[PDB]
Amino acid sequence: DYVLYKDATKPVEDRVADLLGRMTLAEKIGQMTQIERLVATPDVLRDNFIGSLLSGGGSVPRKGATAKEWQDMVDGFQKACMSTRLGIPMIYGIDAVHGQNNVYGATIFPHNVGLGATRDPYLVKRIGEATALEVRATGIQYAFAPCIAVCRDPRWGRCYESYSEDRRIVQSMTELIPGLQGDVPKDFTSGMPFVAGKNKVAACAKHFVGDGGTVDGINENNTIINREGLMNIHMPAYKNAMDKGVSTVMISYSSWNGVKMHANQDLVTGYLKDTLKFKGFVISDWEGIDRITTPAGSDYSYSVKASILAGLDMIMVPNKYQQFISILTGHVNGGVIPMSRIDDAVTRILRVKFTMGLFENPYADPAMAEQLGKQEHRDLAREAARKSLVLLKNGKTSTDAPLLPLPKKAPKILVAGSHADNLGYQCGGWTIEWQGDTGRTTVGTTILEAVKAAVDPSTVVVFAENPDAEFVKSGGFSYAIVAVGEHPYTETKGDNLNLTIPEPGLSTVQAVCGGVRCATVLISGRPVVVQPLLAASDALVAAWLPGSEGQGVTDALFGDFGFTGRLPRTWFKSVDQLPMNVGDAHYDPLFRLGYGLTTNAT
Ligand SMILES: *[C@@H]1O[C@H](CO)[C@@H](O[C@@H]2O[C@H](CO)[C@@H](O[C@@H]3O[C@H](CO)[C@@H](O)[C@H](O)[C@@H]3O)[C@H](O)[C@H]2NC(C)=O)[C@H](O[C@@H]2O[C@@H](C)[C@@H](O)[C@@H](O)[C@@H]2O)[C@H]1NC(C)=O
Ligand SMILES: *[C@@H]1O[C@H](CO)[C@@H](O[C@@H]2O[C@H](CO)[C@@H](O[C@@H]3O[C@H](CO)[C@@H](O)[C@H](O)[C@@H]3O)[C@H](O)[C@H]2NC(C)=O)[C@H](O)[C@H]1NC(C)=O
Ligand SMILES: CCCCCCCCO[C@@H]1O[C@H](CO)[C@@H](O)[C@H](O)[C@H]1O
Ligand SMILES: *[C@@H]1O[C@H](CO)[C@@H](O)[C@H](O)[C@H]1NC(C)=O
């Protein structure tokens, strides 16, 4: 007999309905299940009719694996899924949040805070475009991005994953979505999922909702705000995401006024689905449903009931799939979760799969492999890094000659600091490892390498990581570039109540700037206590977490391009002011949102 869902010429909705009507309960619950590659096996995938896989942070086939190795891994999982009775392809997800960042040799773009500084939505769209290509280079069809959190407190360990404290800037940067997925048709209905085809990926607006509003920036905590505040700060960018056809939405670990987002039917079903008319699929965060309870996981049967009844479609288990499937199956068999709820989740999952062309192109394209780390994408990252830089100081007094831009020709120059020759540090979290890492973790150019690549051949470049004052004074240097700042972190590891950079950092800046005029490059995921750094420095640049292309930094330092970045966040005078955002009644910033000095290209 003719099988409608297998017919590529049929409308998505007909294909969805035709497939759904054929599915057993096990096949339906299987679709709703996302598992980590580390627990996946061909038998597991086949026997449990698994709908999706993911790589968590740092979950890779091998250290240094090529694009083809990733393709082979993903395809191996896909072959198993395609061998089921109905042959429903799995969708493979990954945190490609500043490039395809788990992957060795992938272009690493500036983190979102830096992108906010660019005020350039089209640049971000292009980044989305390049990111989709490098994700597809690895056979992966789904990126967990953009994070459209509006970070209202930089003590949050994920503040770097927010474009801004200003929702208007976050809204503008939702242009990442049509970059990743492709532009929606002119006829498009807001809330429908969209992916253009096999050279694009499904995107994910995360984390719904108010993830950036938690008390004291405590990760995964309580967002205490009235409905008006939630709706005017934390919600707006989700509506833009609907308008641009975002395929999926991930739920936040956080709570709203003490209500776990993963158990919030009013917001997930009442608002996202029933008001915004979201028609893609809603996915949990990693063990997000376990974390509904205190302690986490102490009543998993409740977790499943609450989350599924709340309106979640796909669960990022990601390990204990047997318990998830068993419990959900029991709930359906006992009438606690109605078939209609299951049918809704599967309809949404399938709609996204059919829409993106997954049934027609379930396997990787080996011709895409060379998109990974492709030089054009690095040139784009280099542009973004440069645009992201915020110049905070350029001369100690009103009558001083501006230090920047620096001349490329000088007898001898000093490059110094813990962050001057450390690729891992300049990339920050979500790079190679979940938490990021130190040193030469991938392909890129450090600030020191960038300096050496930029200067006149007659310019002697000296590197000293932590030179003492005497070395500097005796060195015969024309000037110094000194780079310091935060170490890589991700999620809760980044929560920080004092926001002072680790030492040696300040001490190195003081020692260097004491001996020669200095340009201080601050690498951070957020504003940090900066007055002492400012006081020591002739010039100081907030470079955020600029990624693999350190030449973006030197492009501005040496005057190939003028500084144009403007603060996307308030720079506080002290942490005891926090939270403190633009528009507050008591607004007393060191630098207001939007501040930035400029230079002209030499
Ligand atoms: C010297 O460097 C300054 C940097 O501020 C340049 O002035 C600035 O030109 C920018 C355009 O390159 C303007 O930025 C704005 O950007 C947003 C978003 O990208 C746009 O929506 C908006 O329309 C602007 O383009 C900015 O307004 C301007 N800043 C000020 C106050 O001067 C300057 O560029 C030159 O002068 C300005 C006034 C413009 O006429 C530019 O077209 C022109 O290139 C730089 N001067 C030189 C010699 O290059
Ligand atoms: C927001 O963050 C705060 C601070 O972490 C959370 O409060 C803390 O909640 C945990 C429960 O997981 C408490 O730990 C427990 O303490 C009791 C002490 O008798 C102990 O018997 C348990 O073994 C466990 O360690 C912790 O005390 C508590 N701390 C504070 C400062 O209140 C809060 O739950 C978070 N809120 C949300 C909505 O996520
Ligand atoms: C103390 C809190 C422990 C956090 C452990 C959870 C690690 C995963 O964290 C989550 O994982 C998803 C998939 O990788 C990401 O897309 C989400 O943005 C992230 O919140
Ligand atoms: C401030 O907090 C962070 C995170 O807890 C910590 O790493 C840092 O060392 C702290 N600074 C000091 C000196 O207390």
Side-chain angles (χ1 to χ4, degrees), residues 32-36 39 54 56-57 95 144 147 149-153 155-159 161 206-227 229-230 234 249-272 282-331 334 336-337 341 345 434-435 489-497 578-579:
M32 302 175 60
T33 309
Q34 186 180 76
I35 74 174
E36 232 277 341
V39 304
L54 88 153
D95 297 284
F144 305 126
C147 177
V150 184
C151 176
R152 295 249 101 195
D153 196 320
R155 294 173 291 184
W156 189 33
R158 315 193 73 163
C159 208
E161 300 198 67
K206 69 186 194 182
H207 313 83
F208 183 90
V209 58
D211 49 336
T214 70
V215 45
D216 297 340
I218 303 162
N219 189 217
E220 309 188 14
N221 212 248
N222 200 13
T223 298
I224 302 174
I225 197 161
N226 62 6
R227 188 186 172 85
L230 197 272
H234 298 104
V249 167
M250 185 184 299
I251 307 308
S252 187
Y253 289 126
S254 57
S255 296
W256 179 48
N257 297 322
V259 181
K260 289 282 172 174
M261 282 307 313
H262 285 258
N264 198 325
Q265 192 180 244
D266 287 356
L267 286 184
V268 174
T269 302
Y271 197 81
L272 181 57
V282 176
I283 187 166
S284 81
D285 208 336
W286 174 289
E287 303 167 338
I289 81 172
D290 312 48
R291 295 187 200 174
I292 296 168
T293 63
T294 305
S298 60
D299 190 350
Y300 199 67
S301 167
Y302 177 76
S303 290
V304 172
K305 190 190 137 171
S307 61
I308 298 308
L309 291 180
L312 281 74
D313 302 315
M314 179 182 294
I315 302 307
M316 187 184 295
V317 186
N319 294 139
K320 259 253 84 287
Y321 57 85
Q322 188 194 156
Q323 162 178 70
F324 176 72
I325 295 167
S326 183
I327 284 168
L328 185 47
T329 300
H331 280 157
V336 173
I337 296 166
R341 183 65 270 285
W434 176 45
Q435 288 296 320
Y489 54 82
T490 303
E491 290 170 69
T492 300
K493 289 288 187 70
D495 288 358
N496 189 331
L497 301 176
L578 302 175

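Counting from 1, the numbers follow the sequence of the chain as shown. Hydrogens, waters and symmetry mates play no part in the numbers below; they use all other heavy atoms, side chains included.
The two residues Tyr489 and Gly494 make their nearest non-hydrogen contact at CD1-CA, 3.3 Å. Here the closest non-hydrogen pair linking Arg341 and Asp313 is NH2-OD1, 2.7 Å. Closest approach of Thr214 to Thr223, counting heavy atoms only: N-OG1, 3.5 Å. Considering all non-hydrogen atoms of both residues, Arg155 and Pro579 come closest at NH2-N, 3.9 Å. Counting all heavy atoms, side chain and backbone alike, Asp290 lies closest to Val317 at OD1-O, 4.2 Å.
Residues passing the side chain to side chain contact (heavy atoms under 4.5 Å, CB included) test with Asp299 are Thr293, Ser301, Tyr302, sequence neighbours excluded. Every residue two or more places apart in sequence or in another chain that forms a side chain to side chain contact (heavy atoms under 4.5 Å, CB included) with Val336 is listed here: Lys305, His331.
For the pairing with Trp256, the side chain to side chain contact (heavy atoms under 4.5 Å, CB included) check across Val209, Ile224, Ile225 returns one residue only, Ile225.
For the atom pair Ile292 CD1 and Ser303 OG, the distance stands at 4.5 Å (nearest 0.5 Å). Remark: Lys260 NZ to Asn222 CG distance equals 8.5 Å, nearest 0.5 Å. The distance from atom CG of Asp95 to atom CH2 of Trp434, rounded to the nearest 0.5 Å, is 10.5 Å. One finds the CD1 atom of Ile289 at 6.5 Å from the CD1 atom of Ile308 (value rounded to the nearest 0.5 Å). Summarising the geometry, atom CE belonging to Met261 is positioned 12.5 Å from atom OG belonging to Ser284; distances are rounded to the nearest 0.5 Å. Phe208 CZ to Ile283 CD1: the interatomic distance, rounded to the nearest 0.5 Å, is 15.5 Å.
Distance alone, capped at 3.5 Å, places no donor-acceptor pair between the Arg158 side chain and the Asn219 backbone. Side-chain atoms of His207 do not come within 3.5 Å of backbone N or O of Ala149 as any donor-acceptor pair. In this structure a side-chain-to-backbone donor-acceptor pair under 3.5 Å is present from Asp495 to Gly157.
The side-chain hydrogen bond (donor to acceptor under 3.5 Å, both in side chains) pairs that include a residue from residues 314-330 number zero, where partners must be two or more places apart or lie in different chains.
Between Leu54 and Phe144 there is a side-chain heavy-atom pair separated by less than 4.5 Å. For the pair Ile337 and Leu309, the minimum side-chain heavy-atom distance is below 4.5 Å. The closest side-chain heavy-atom distance from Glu287 to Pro318 is below 4.5 Å.
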- Test log, rule side-chain contact (heavy atoms from CB on, under 4.5 Å), inputs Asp211 and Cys147: CA-CA 9 Å; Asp211 49 336; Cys147 177; 4.1 Å; yes
- Message: Set out, in order, the CA-CA distance, both residues' side-chain angles and the distance that settles side-chain contact (heavy atoms from CB on, under 4.5 Å) for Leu272 and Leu267, then state yes or no.
- Response: CA-CA 6 Å; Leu272 181 57; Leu267 286 184; over 6 Å; no
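The closest side-chain donor-acceptor pair between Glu36 and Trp286, if any, does not fall under 3.5 angstrom.
Comment: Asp266 does not engage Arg227 in a salt bridge, judged by the lack of any side-chain N to carboxylate O separation of less than 4.0 angstrom.
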